[PDB]
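Only one chain is given next, in structure tokens, and it is the form solved without its partner chain.
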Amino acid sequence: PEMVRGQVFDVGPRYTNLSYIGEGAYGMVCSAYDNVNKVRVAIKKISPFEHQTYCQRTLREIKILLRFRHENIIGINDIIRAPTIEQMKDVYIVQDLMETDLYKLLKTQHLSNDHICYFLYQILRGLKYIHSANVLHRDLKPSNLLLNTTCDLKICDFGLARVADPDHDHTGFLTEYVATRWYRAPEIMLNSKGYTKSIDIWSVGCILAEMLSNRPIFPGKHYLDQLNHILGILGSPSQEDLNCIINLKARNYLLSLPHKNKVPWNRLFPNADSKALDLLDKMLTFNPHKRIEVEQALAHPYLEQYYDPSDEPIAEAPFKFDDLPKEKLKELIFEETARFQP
């Protein structure tokens, strides 16, 4: 078997000529020549079976992405594993290989308004489909938006994704949360478990602001610092928005802060298109009930050149399927990956 940077890659025979790409908690990723389709692909080796939280991320990633089929959502092309549960130590997930991601692009490149518009359109078109299946991505951020050489965009990493559950959304003040800090809606720190579609729209709002200036809009260094960066720009919540926060610890925290005025978007973003800033404002609304929805966002005048609801598909049916053990999640992973065996 091939090795890459001191790791076995048991992807053959089909997948050969393996170049390293990168690495994280998830595992390792390489490009590989796919000998059946005659194209290089991404393959990420997951070795999750000794941690039930990595097994959860693996099952979510595989189950959701095999159900979903959409031009702006990364697919799974193939999955490699051993022929039995016992011999299965790794899972290789094969996906279309993409040139870069929006994180890398923003650290190096100025985006034209035309590029910003097209990226935003694609994010929302993928998100329309995600949300139509009653799913929340819950970790939208520039590194989870893959880009090819002609700026086609695909949303990736569904390991935190959930079915939406807005009747179980309420929680207490300062409840801990897993998704990336800078893209967390203000309600996460106040009274929300992050089980509504409006969580994803906030993150998209954050991404949009970041495309306008190549800097994160709300770069909090710790849990509550994130709300204070948010309130620094949006200003103090209105009476009406506060009355919606019935939790007293959260309410009284907000009432304790000195009055802060709204920083106008056109002063933060002097070179931005005014329609982009109108849509930004609606995505970065403090009150999640007042926040724009994905379909309204698509219909916003900023995206008029692209908007076409007939060419913005939805899922044919809602998605469905939990503190289960590592060993049962392994079984589920084995069942879900069977279609790729000879």
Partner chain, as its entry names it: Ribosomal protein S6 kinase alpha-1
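In this text, the rigid core denotes the largest set of C-alpha atoms whose superposition between the two forms falls within 1.5 Å. Positions refer to the first chain, counted from 1.
Just so you know, the form deposited with its partner chain bound exists too; it's not on screen, but the next bit is about it.
Engineer: Please state whether all three residues 60, 77 and 167 have a non-hydrogen atom within 4.5 angstroms of its partner chain in the deposited bound form.
Structural biologist: No residue of the spot touches its partner chain in the deposited bound form.
Engineer: I'd like to know whether residue 322 contacts its partner chain in the deposited bound form, with contact meaning heavy atoms within 4.5 angstroms.
Structural biologist: Judged by the heavy-atom cut-off of 4.5 Å, residue 322 is well away from its partner chain in the deposited bound form.
Engineer: Given that its partner chain is not shown alongside this chain, does residue 151 nevertheless sit within 4.5 Å of it in the deposited bound form, heavy atom to heavy atom?
Structural biologist: Result yes; residue 151 sits at the interface with its partner chain in the deposited bound form.
Engineer: Going by a heavy atom distance of 4.5 Å, is residue 312 a contact of its partner chain in the deposited bound form?
Structural biologist: Result yes; residue 312 sits at the interface with its partner chain in the deposited bound form.
Engineer: With the partner left out of view, is residue 119 within 4.5 angstroms of its partner chain in the deposited bound form by any non-hydrogen atom?
Structural biologist: So residue 119 counts as contacting its partner chain.
Engineer: Name the residue from 26, 68, 286, 302 that puts a heavy atom within 4.5 Å of its partner chain in the deposited bound form.
Structural biologist: Of the listed residues, the single hit is 26.
Engineer: Out of 159-167, 198-206, 120-128, 235-243, where are the residues with a heavy atom within 4.5 Å of its partner chain in the deposited bound form?
Structural biologist: Only one stretch passes the 4.5 Å heavy-atom test: 120-128.
Engineer: Relative to its partner chain in the deposited bound form, which residues of 1-15 have a heavy atom no more than 4.5 Å away?
Structural biologist: Sequence-ordered list: 3, 5, 6, 7.
Engineer: Picking from 189, 230, 155, 111, which residue has its CA shift by 2 Å or more between this form and the one not shown, once the rigid core of the two forms is superposed?
Structural biologist: By this measure, the answer is 189.
Engineer: After the core is overlaid between this form and the one not shown, has the C-alpha of residue 177 moved by 2 angstroms or more?
Structural biologist: Yes, the C-alpha moves 2 Å or more.
Engineer: After superposing the rigid core, is the C-alpha displacement of residue 23 2 Å or more between this form and the one not shown?
Structural biologist: Residue 23: C-alpha displaced by 2 Å or more between this form and the one not shown.
Engineer: For residue 100, is the C-alpha shift between this form and the one not shown 2 Å or more after core superposition?
Structural biologist: No, shifts by less than 2 Å.
Engineer: Since the C-alpha distance between residue 194 and residue 68 changes by 3 Å or more in the deposited bound form, give its direction relative to the shown form: closer or farther.
Structural biologist: Compared with this form, residue 194 and residue 68 lie farther apart in the deposited bound form.
Engineer: Assuming the CA distance changes by 3 angstroms or more, are residue 178 and residue 103 closer together or farther apart in the deposited bound form compared with the shown structure?
Structural biologist: Compared with the shown chain, residue 178-residue 103 is closer in the deposited bound form.
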